[PDB]
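**Student:** Quick one: this structure, given as structure tokens, is what I'll be asking you about.
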Protein chains: 4
Amino acid sequence: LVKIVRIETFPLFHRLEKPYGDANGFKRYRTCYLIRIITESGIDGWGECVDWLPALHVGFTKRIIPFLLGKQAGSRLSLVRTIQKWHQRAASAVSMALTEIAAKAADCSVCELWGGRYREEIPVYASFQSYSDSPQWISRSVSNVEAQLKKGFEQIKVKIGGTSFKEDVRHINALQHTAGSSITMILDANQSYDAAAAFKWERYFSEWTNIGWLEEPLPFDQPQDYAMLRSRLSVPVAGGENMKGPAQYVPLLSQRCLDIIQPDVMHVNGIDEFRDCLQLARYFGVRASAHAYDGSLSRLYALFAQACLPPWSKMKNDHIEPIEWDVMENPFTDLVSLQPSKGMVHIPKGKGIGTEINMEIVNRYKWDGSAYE
Amino acid sequence: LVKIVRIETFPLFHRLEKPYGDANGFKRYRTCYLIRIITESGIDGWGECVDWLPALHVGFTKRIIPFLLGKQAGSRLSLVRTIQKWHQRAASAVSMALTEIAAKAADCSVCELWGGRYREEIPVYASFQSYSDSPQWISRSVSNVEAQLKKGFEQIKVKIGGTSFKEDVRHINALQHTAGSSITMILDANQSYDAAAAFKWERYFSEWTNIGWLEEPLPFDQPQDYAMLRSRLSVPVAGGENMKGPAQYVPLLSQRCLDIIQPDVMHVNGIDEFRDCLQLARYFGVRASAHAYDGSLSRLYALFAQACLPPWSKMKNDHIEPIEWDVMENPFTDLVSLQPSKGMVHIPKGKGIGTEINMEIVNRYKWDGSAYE
Amino acid sequence: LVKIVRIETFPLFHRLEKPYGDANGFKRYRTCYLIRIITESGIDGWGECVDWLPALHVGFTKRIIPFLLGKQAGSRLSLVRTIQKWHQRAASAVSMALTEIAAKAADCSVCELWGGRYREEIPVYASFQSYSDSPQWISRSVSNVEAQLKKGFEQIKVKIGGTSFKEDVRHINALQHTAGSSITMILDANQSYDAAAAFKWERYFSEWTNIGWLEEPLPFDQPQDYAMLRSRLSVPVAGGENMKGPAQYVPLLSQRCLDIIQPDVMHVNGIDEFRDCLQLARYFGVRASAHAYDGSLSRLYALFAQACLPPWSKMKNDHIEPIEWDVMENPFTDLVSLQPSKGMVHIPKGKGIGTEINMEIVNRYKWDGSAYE
Amino acid sequence: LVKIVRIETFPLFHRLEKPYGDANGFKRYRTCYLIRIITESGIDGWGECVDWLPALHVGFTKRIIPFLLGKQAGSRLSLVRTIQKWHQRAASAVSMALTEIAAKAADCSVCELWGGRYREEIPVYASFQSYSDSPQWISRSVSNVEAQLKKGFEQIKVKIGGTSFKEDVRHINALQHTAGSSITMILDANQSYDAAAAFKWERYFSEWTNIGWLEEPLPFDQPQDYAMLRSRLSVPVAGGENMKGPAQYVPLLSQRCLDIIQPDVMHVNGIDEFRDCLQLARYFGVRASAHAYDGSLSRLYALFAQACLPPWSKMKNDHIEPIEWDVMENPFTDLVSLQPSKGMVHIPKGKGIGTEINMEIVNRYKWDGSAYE
């Protein structure tokens, strides 16, 4: 029954050396917002969220923190529920810090808190923001992908739908010729297309044997269009990274819209809601591969969640979905000291989250408090 | 700490002084099967299941126990999932025992283990096996109901569908005149009917203001008949107590078959799958009221689960569903010293399950090993 | 392995003393066509069909009999299958004679041949052809119904849809006032109506408590209209007496068109196909009440079939559907000596069909071979 | 004549010399449970079921046998329906025994009891448990298949879905090169996949001309996923071996889920319910090919049933579906002395089941009462 006594906030900001992006445009910076909740006993817990920092920082300092102080850290479901009404993304960060506190007070790991892992290794794919601001963007993308293939990644994700079909195809072709067919390739459209535009890829999908899935080809306004497209393509369709929770997945799965859902710990209403998304997928007989582009601490929670997820198939060697691993310039990957080895992540087994937040990163990237174009 | 070293079994049996029943026939006895899992550190936990005792006992002693000895008690998800292949009922009892151990090892209650409760009290309804083997069965039922109303139950469930509509209407009318409109009445058909037979009640549902729901009017073979009937009645329709897990509820809910689902901790694959049933209902926007007719220790788990469930409505004093409380002759109701007052059950707050199994009852009703019927 | 050696035919004809009818018009005569198949061993079997006698008699004498002679009586499925291609109604008669032969050669009853009865008593309703050729048709119908109520029939079927709604209502009202609410009344429209015309009865159905079902309100060209109407009425909808077999029921049941199907032994492809219709209904969760207006020997087979049918409900006193019992002038009711007693028929238990064909009737009503307006 | 006076039980057990399996894991032993029901007159009959022997044996000796003693053997429908409540598996064995008794008492074969056969020979396919515990599992499977092809099997079934697509394709390719296009190949996934995983085979189904069907690609939780996948593949889809009866097939067929249903005599509620499964398929216009992997005496019943089934097509030499023939190490294949020649099984024509249970095998493999695994 140990009360919350203090909460520290760490808005983080990093201007990118070279911009990159996807169909929505070029990213110029990366941000992160960490929280540390400290209880009466001294047991503490960390959380992570990502949103526009001026608005996010006041959400915490002016409303969430004053609410949380003096509250019972153990009333996790209740506290996260009430905060969800003010800022959903903040709510996810709080849910992480409170889970860490719980696991520590219980003297166990987070996976143990959840009833024990099924496995201690989780596959990851290298996730690229393939567009850059250069006429030579295709050759640079090819070089970047080659670099990561050297590291033993066997699965990659790259961007499409930001330029004409003809030009995207040239890019994908160039990657096929370097990577070869033993590398699995995922193509992310970031909702650029309509059904007919997406379908133009089918003639290539008919030939290629190494396409993992087609990701977010369409916006979600018309679920029936997803069901339509899915039944026409020769590769799996994934999506849903901007869904807010299990309730929003339910009708997409009832309508047979997707082969793979992709909840993001930070977009849904916290880690328990996130785990419910994964289970929902299992119950509907569909796959789940977390979106985690902006995560590091949150990404570790997605890995814990995957480790506690039952197999999706009876294939001895192919029965757990990979998680997204951002491979672009981003110092926040080091907030936790955990990296893949040959496309595989080994789950920390220690108490709480089994690892520590890298304070050098926290300190180096302290946000200067200013508005950032 | 938690390696499993010993498992004790307690088959229990009670011959009824006076038989009672429902549309499936008369119950002649009650049974219960308790297990006590003991770990290396001495931390123990209890589970309960119910099935025909000769076959259940051999399943534990010859398959389940030999498998569990030497296993790590904290690998709850994994172990339950493995046992679920040989025996779902057994897996449920195992899940409960492992949950108690987990909470004890964590030095918290089961509800705190799950992220903390939303509330401290849960409503219950008095559940009756209304039919007796007697021409005077209606008068008897009336007397039985009046007895429980004196204890301040505000909601009851009684049986229909075992005899002609005309005679069942006589029974219900008699109850209506004695209990009056302050008392909520739940009618349970136990799958006796087809849509047209069930629909005959509508002309009375048109007049009455105090029907809680119509329970299991039909078998579940044809889900579409449920959606059809639902749209025709003036009262909610509940069921699904014999569904084996959340995956079985999914198509029913996608098809808008039920107003209320009624999972049973002992019929689904364990306490975590049971809790997933309740979450699934919430995400589909349907109500969830646990079936708990057999069961005492499993009934306690159903109450913990309901305490950790967010509200179903925004009504200040009508936003959590009741749980079933068997009010018929059954000594196993005392296995756990928890009873409702004025139709409300206060949830135990102490470490583990916050209560002790009554060894007096366990010893008194030891099954003597004889086969029955 | 006993061959068919001889087959005798008995076209029967009876001019009605006073014509009666339904929405299709007045019946002026009744006909019956009996067959007797005799095997090498002397074991014989009877069958019954009903169709226009000139065409039916040549179907037998010129094609079916010459086919059947020298065939193995025991190859029932095969022989009935092949004859179905020439004349379906004849095929039913053959299937009956061959079943009788089988039961006799096996030294058991027909019910035993089928794996034993569930019960030995079957409820029947008195079935009226309510229209007569008189301004006083309502008073005569009232008198006819009163006469049968004296015999202890508790359920009746009468005709509607042959005249304006206003006039039919006057007739039904007159019957309600004599019979009272302890008599169950069935209303047969013989496909007179469209959805809107049928629905006009709903205002009366809203008031009456003793309506068994509404029978064949619409033609079957548009199954969706049945599904539509069923969901709007306050009484069950029955039909399907002109369906040719199980395959034709399947889509009506998949579309939730009917509460009760009504196969006719003589319209479907013989008795095994007929029993399959009954089982199909059970599997779809719907009721089955045989059409049997023109049957006597065939009616007995419908009774055997009902006796071998599992209950439709869990109601101790209401779990088997009645069969149709023609109560109009018709000497062929006496072809077999079996009559209801207070609305209940007791199934003959003896070997073969447990009864004999009444040869006095066969002889008295020999068809004179002439065309009959 | 047929009062039941004695019932003898024969649990049987065989430890495999070399384990084999499918995507669910490796089989280590085979079991069989035979019953012999003896009537007052000395007429007896046999039944077979398969389940975990300690629990199955107690179910018979303590519940089923005590119920049957003194009952009339000719009340087959009733007795089977009562037993179906305690134990479906047991009811199946009981149904078989009572059917043999019925046919014997009738002095005819089982097929004649059912109305006579349509045909005297039924095609079978060699069914393999393709996976072995060995790096050389592919070569072994190839050798095993070649061995059976030498016996003139023209159709085989092999296992997929237990390992990665890539490795399963290697296995199937190896089989294709050895067996060639004259041999029909059936691929059985044992519910390993989701739709997208199953659909990966389509690019090979596009090339191959000799695939019989794809068996159980998916679990049956979401029927709509089957209809979806069916419309995308170039080969028929079969399944349903774990459906409990015709009522469970109805929604699958209404929804156009399957090209082929695969009832199992021992998994449904008896031989009459099994035959209803096959009839249901015919009325829905779908194919029916019995699952018979375990079973020898029950396999014989499946063959009798198929001999009494009308053709599925109008193709002179391709109008009856094959039945499964287990070709793996299993001494219980000889319990009944019936084997295929050149992939065809000739149906026994003699009274009762036309054959004797091999008491040498029954005695050799007597279960010693020890619990296993």
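So basically every Cβ, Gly included, is an ideal-geometry build from the backbone, and we count neighbours across all protein chains shown. Just so you know, all these numbers are worked out from the coordinates, no wet-lab data involved.
**Student:** Rounded to the nearest 0.05, what FRET efficiency do D:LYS342 and A:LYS349 give with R0 = 51 Å and r taken as the Cβ-Cβ distance? Could you check?
**Tutor:** Numbers: r = 59 Å, r/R0 = 1.16.
The pair D:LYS342/A:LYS349 has a calculated efficiency of 0.30.
**Student:** From Cα pairs below 8 angstrom and at least 6 apart in sequence, can you work out the relative contact order of chain B, rounded to a whole percent?
**Tutor:** On the way: 738 pairs, mean separation 77.2, N = 373.
Averaging sequence separation for qualifying contacts and normalising by length gives 21 percent for chain B.
**Student:** Residues with amide H under 5 Å of C:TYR20's amide H, sequence separation 5 or more or different chain, H placed in the peptide plane at 1.01 Å from N; which?
**Tutor:** Sorted by chain and number, the residues that satisfy this are C:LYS27.
**Student:** Restricting things to alpha carbons, tell me how big the protein assembly as shown is in terms of Rg and Dmax, in Å.
**Tutor:** For the protein assembly as shown, the Cα-based Rg and Dmax read 35.2, 114 Å.
**Student:** Using the Cα centre as the reference, give the magnitude of the dipole from point charges on the C-beta atoms of region D:1-107 (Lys, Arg: +1; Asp, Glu: -1; all else neutral), rounded to the nearest 20 debye. Write down the numbers at each step before the final one.
**Tutor:** Values: 16 positive and 9 negative charges, 72 e Å.
Magnitude of the dipole: close to 340 debye.
**Student:** Here's another thing I want to ask about it. Could you calculate the contour length gain from A:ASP368 to A:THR61, that is, 0.36 nm times the residue separation minus the distance between their Cα atoms, to one decimal place in nm?
**Tutor:** Working: separation 307, 0.36 × 307 = 110.52 nm, distance 1.61 nm.
Full-extension gain reported as 108.9 nm.
**Student:** Describe numerically, in nm with one decimal, the distance between label points set 7 Å from Cα along Cα→Cβ at C:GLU329 and at A:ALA247.
**Tutor:** Modelled inter-label distance: 7.2 nm.
**Student:** Moving on. Under the rule of -39500 (n - 2.57) per DSSP H run of 4 or more residues, summed and divided by the residues of chain C, what mean residue ellipticity at 222 nm is obtained, to the nearest 500 deg cm²/dmol? Please list the in-between numbers first.
**Tutor:** Numbers: 14 runs with 127 residues, N = 373.
-9500 deg cm²/dmol, from helical runs alone.
**Student:** A follow-up question, please. Just to confirm the filter: which chymotrypsin sites (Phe, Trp or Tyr not before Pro) across region A:273-373 are DSSP coil and have at most 14 other Cβ within 10 angstrom of their Cβ?
**Tutor:** Values: sites: A:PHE274, A:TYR283, A:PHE284, A:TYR293, A:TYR301, A:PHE304, A:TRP312, A:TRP325, A:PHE332, A:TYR365, A:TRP367, A:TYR372; in loops: A:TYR293, A:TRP312, A:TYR365, A:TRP367, A:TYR372.
Counting only loop positions with at most 14 other Cβ atoms within 10 Å, the chymotrypsin sites (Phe, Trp or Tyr not before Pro) in region A:273-373 are A:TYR372.
**Student:** Roughly how far apart, in whole Å, are the Cα centres of region C:46-81 and region D:317-353?
**Tutor:** 35
**Student:** Still on this model: Provide the packing ranking of C:340-350, C:243-253, i.e. peptides ordered by the mean count of other C-beta atoms within 10 Å per residue, highest first. Intermediate results must be reported in sequence, preceding the final value.
**Tutor:** On the way: C:340-350: 16.0, C:243-253: 19.3.
Per-residue Cβ counts within 10 Å, averaged per peptide and sorted highest first, yield C:243-253, C:340-350.
**Student:** Inside 10 Å of the C-beta atoms of C:310-321, what's the mean count of C-beta atoms belonging to other chains?
**Tutor:** Per-residue shielding by partner chains comes out at 6.
**Student:** Further, regarding this structure: Could you pull out the trypsin sites (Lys or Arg not before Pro) across region B:88-171 that fall in loop regions by DSSP (anything but H, G, I, E, B) with no more than 16 other Cβ atoms inside 10 Å?
**Tutor:** When the trypsin sites (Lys or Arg not before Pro) of region B:88-171 are filtered for loop state and at most 16 Cβ neighbours within 10 Å, B:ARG119, B:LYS150, B:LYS151 remain.
**Student:** Counting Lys +1, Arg +1, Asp -1, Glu -1, what net charge surrounds D:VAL362 among other residues with beta carbon under 13 Å of its beta carbon?
**Tutor:** Residues near D:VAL362 contribute -2 overall.
**Student:** Antiparallel DSSP bridges in the protein assembly as shown: what percent, to the nearest 5? Write out the running numbers ahead of the final one.
**Tutor:** On the way: 112 of 196 bridges.
Approximately 55 percent, going by the DSSP bridge assignments.
**Student:** Of A:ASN330, A:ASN24, A:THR355, which is farthest along the charge dipole of the protein assembly as shown in the positive direction, counting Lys and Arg as +1 and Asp and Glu as -1 at C-beta?
**Tutor:** A:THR355
**Student:** Next up: Compute the label zone of C:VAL5 within region C:18-41: residues whose backbone N is under 11 Å from the point 7 Å along Cα-to-Cβ.
**Tutor:** Label zone hits: C:38-41.
**Student:** C:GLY180: net charge of surrounding residues, Cβ under 13 Å, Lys/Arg +1, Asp/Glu -1, itself excluded? Let's see the in-between values first.
**Tutor:** Values: positive: none; negative: C:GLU146, C:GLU154.
After counting each charged neighbour, the total is -2.
**Student:** Let me ask something additional. Using alpha-carbon positions, what is the distance between the centroids of region C:164-186 and region C:213-290, in Å?
**Tutor:** Each part reduced to its Cα centre gives a spacing of 25 Å.
**Student:** Then there is this: Which whole number gives the average count of other chain Cβ atoms within 10 Å of the Cβ atoms across peptide C:270-279? Provide the component values of the computation, followed by the final result.
**Tutor:** Numbers: counts 1, 1, 3, 2, 0, 1, 5, 1, 0, 7.
For this peptide, the per-residue mean of nearby foreign Cβ atoms is 2.
**Student:** Order these by the 10 Å Cβ neighbour count, fewest first: B:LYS200, D:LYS85.
**Tutor:** On the way: B:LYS200 18, D:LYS85 10.
With the sparsest Cβ surroundings first, the list reads D:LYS85, B:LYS200.
**Student:** While we're on this one: What nm distances, shortest first, do you get from the label point of A:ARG15 to those in the other copies when the point sits 7 angstrom along Cα to Cβ?
**Tutor:** Listed shortest first, these distances are 7.6, 9.0, 11.5 nm.
**Student:** With springs only between Cα atoms under 10 Å apart, run a GNM on chain D and tell me which of D:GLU356, D:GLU241, D:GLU324 wobbles the most.
**Tutor:** Among D:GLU356, D:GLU241, D:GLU324, the largest mean-square fluctuation in the Gaussian network model of chain D belongs to D:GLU356.
**Student:** Would you please classify the overall shape of chain C from the alpha carbon gyration tensor, given that a ≥ b ≥ c denote the square roots of the eigenvalues, rounded means a/c under 1.5, and beyond that prolate means a/b larger than b/c while oblate covers the rest? Don't jump to the answer; show the numbers that get you there.
**Tutor:** Values: a/c = 1.73, a/b = 1.50, b/c = 1.15.
Because a/c hits 1.5 or more and a/b exceeds b/c, chain C counts as prolate.
**Student:** For B:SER41, which inter-copy label distances result when the label point lies 7 Å beyond Cα on the Cα-to-Cβ vector, reported in nm to one decimal and in ascending order?
**Tutor:** Those label-point separations list as 1.3, 7.0, 7.8 nm.
**Student:** Another question, then. Kindly work out what percent of the DSSP beta bridges joining two residues of region C:108-373 are antiparallel, to the nearest 5.
**Tutor:** Values: 5 of 26 bridges.
Given both bridge residues lie in region C:108-373, the antiparallel proportion sits at roughly 20 percent.
**Student:** If I take every Cα pair under 8 Å that is 6 or more residues apart in region B:1-107, average their sequence separation and divide by the length, what percent do I get for the relative contact order? All intermediate terms of the calculation are to be shown ahead of the outcome.
**Tutor:** Numbers: 175 pairs, mean separation 32.6, N = 107.
For region B:1-107, the relative contact order is 30 percent.
**Student:** Just checking the output field for B:198-205: average partner chain Cβ neighbours within 10 Å of each residue's Cβ? The partial results should precede the final answer.
**Tutor:** On the way: counts 0, 5, 4, 0, 1, 3, 0, 0.
Taking all residues of B:198-205 together, the mean is 2.
**Student:** Going by average Cβ density within 10 Å per residue, which order do the peptides C:202-208, D:141-147 take, highest to lowest? Numbers along the way, then the final one.
**Tutor:** On the way: C:202-208: 13.4, D:141-147: 16.9.
Going from most to least packed, we get D:141-147, C:202-208.
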